[PDB]
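Shown here is one chain on its own, the form deposited in one PDB entry, set out as C-alpha cells.
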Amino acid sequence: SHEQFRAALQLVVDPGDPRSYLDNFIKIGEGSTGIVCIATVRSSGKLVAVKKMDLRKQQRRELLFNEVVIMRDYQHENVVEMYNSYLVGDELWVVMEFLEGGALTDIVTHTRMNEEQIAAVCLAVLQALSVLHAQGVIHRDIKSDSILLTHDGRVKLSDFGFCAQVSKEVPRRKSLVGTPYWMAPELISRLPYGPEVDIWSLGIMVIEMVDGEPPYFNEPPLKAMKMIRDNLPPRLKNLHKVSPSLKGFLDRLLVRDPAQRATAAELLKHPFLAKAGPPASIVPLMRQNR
C-alpha cells in the first residue's frame, strides 16, 4: 500500500523538488498532519509557506489527497493559495502563499474582536463555504485554527485535510470527523450529514470570537461531545455584550435540526454582515502591532 500510495500521489502532484527555487527552509508551526516552514523565492525572496507531511505518520493516508486538490480546484479570494505540490522522499510538500497575520486562534485567545471584525471573518468564511458546498464538498474542520489572516486583514480558509464530498449516490457522509468542541450534534450522534455541519461549526467559531473559547472547552473531548449531543444550542457567556443582529445571525447557525439550519447561501444575505469592515480593520488585532 505504501508504495501503491506513493505512486498514486506522485501522479497528482507536480514533479521534482522545490529546492529548485526555494532557500531558507525554517520551521514555524506544527500540527497533527505535520510541520510547516517558511522558505524564500531564490530569485526575489518572496516568502512562501511549505507544509511537510509524512506519508507514513498519517492516521488516514487517503486524506492527503485533500491537502492538494481542494486548493487546486477551489481557488477563491478567501481560500489559501497553493502554488505547487511535491513528493520529497516520503513526505508530501505543499507550497502556499505565506499569510503574515497567522491563525485566527491567536487573536481570539489574546484580544476581544468587535462585531465589525467578526462580521468580516464571517463573510469571508461563508464565501469560501458557499462555493465548496455548491459542489458538495464539506469542510468538516471549521474552527479559528483553520482560518488565516494576511498582514492587510483579508481572511482565508485553510486546513482542508478533513474534506469530504457529496453527490446523488452518496448524499450524506457518515464519518466521525472534526474537532470535538466544533462538531455538529447530528455528526456526533452518528446521523448521516451534509454541509450543514460546517455552518454549526461556524457558529461555534463565532462563540470563539466573542467568549474566547467554544462551549465545554474545559471538559475532556468525549464528555464534551456527549454534552453537545444531549443539550440544547449553547449560550453565549457574553450575550449581554453582543448586538441583536449578531444574535439573530448566530441563532440561524446553532440550530440542532440541520434542515432548519441556515445555509451559507442564505446567510450571505443576513444583515449582520453589512457590519463587516475592510481588511484594514482586522490588522490591529495581529500580535505584531498589538
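Residues carry their position along the shown sequence, with the first being 1. Here the rigid core means the biggest group of C-alpha atoms that line up within 1.5 Å when the two forms are laid on top of each other.
Engineer: Between 103 to 111 and 166 to 174, which has the larger RMS C-alpha deviation from this form in 7 other deposited structures of this protein after core superposition?
Structural biologist: Of the two stretches, the larger average C-alpha offset in 7 other deposited structures of this protein falls on 166 to 174.
Engineer: Of the stretches 124 to 132 and 83 to 91, which sits farther from where it is here in 7 other deposited structures of this protein, on average over its Cα atoms, after fitting the core?
Structural biologist: Between the two stretches, 83 to 91 moves farther in 7 other deposited structures of this protein.
Engineer: Mean Cα B factor from the PDB record: higher for 100 to 108, or higher for 163 to 171?
Structural biologist: Looking at the recorded C-alpha B-factors, 163 to 171 comes out higher on average.
Engineer: Would 214 to 222 or 142 to 150 have the larger average of its C-alpha temperature factors, as given in the entry?
Structural biologist: Per the PDB record, 214 to 222.
Engineer: Splitting the chain's C-alpha B-factors into thirds, which one does residue 135 fall into?
Structural biologist: It falls in the middle third of the chain.
Engineer: Against its chain's modelled residues, does residue 127's Cα B factor rank lowest, middle or highest third?
Structural biologist: It belongs to the middle third of the chain when residues are ordered by C-alpha B-factor.
Engineer: Sorting the chain's CA B-factors, does residue 191 end up in the lowest, middle or highest third?
Structural biologist: Answer is highest: the recorded C-alpha B-factor places it there.
Engineer: Select lowest, middle or highest to describe the third in which the CA B-factor of residue 54 falls within its chain in this entry.
Structural biologist: It falls in the middle third of the chain.
Engineer: Using only modelled residues of the chain, where does the Cα B factor of residue 267 rank: lowest third, middle third or highest third?
Structural biologist: It falls in the top third of the chain.
In what follows, reference is made to the form solved in complex with a partner chain, a form of this protein that is not presented.
Engineer: Based on heavy atom distances of at most 4.5 Å to its partner chain in the deposited bound form, which listed stretch, 221 to 229, 39 to 47, 242 to 250, 260 to 268, is the contact stretch?
Structural biologist: The contacting stretch here is 221 to 229.
Engineer: Can we say 99, 158 and 198 each have a non-hydrogen atom within 4.5 Å of its partner chain in the deposited bound form?
Structural biologist: None of them does, since no heavy atom lies within 4.5 Å of the partner.
Engineer: Would you classify residue 176 as touching its partner chain in the deposited bound form, given a 4.5 Å non-hydrogen atom cut-off?
Structural biologist: Because a heavy atom of residue 176 falls inside 4.5 Å of its partner chain in the deposited bound form, the answer is yes.
Engineer: Look up in the deposited bound form whether residue 162 has a non-hydrogen atom within 4.5 angstroms of its partner chain, and give yes or no.
Structural biologist: Answer yes; at least one heavy atom of residue 162 falls within 4.5 Å of its partner chain in the deposited bound form.
Engineer: Residue 153: heavy atom within 4.5 Å of its partner chain in the deposited bound form?
Structural biologist: Answer no; every heavy atom of residue 153 is more than 4.5 Å from its partner chain in the deposited bound form.
Engineer: Residue-level contact is defined here as any heavy atom of the residue lying within 4.5 Å of its partner chain in the deposited bound form; does residue 144 satisfy this criterion?
Structural biologist: Close contact exists here: in the deposited bound form, residue 144 approaches its partner chain to within 4.5 Å, heavy atoms only.
Engineer: Quick one: of 114, 75, 135, 105, which gets a non-hydrogen atom within 4.5 angstroms of its partner chain in the deposited bound form?
Structural biologist: Among 114, 75, 135, 105, a heavy atom within 4.5 Å of its partner chain in the deposited bound form occurs only for 105.
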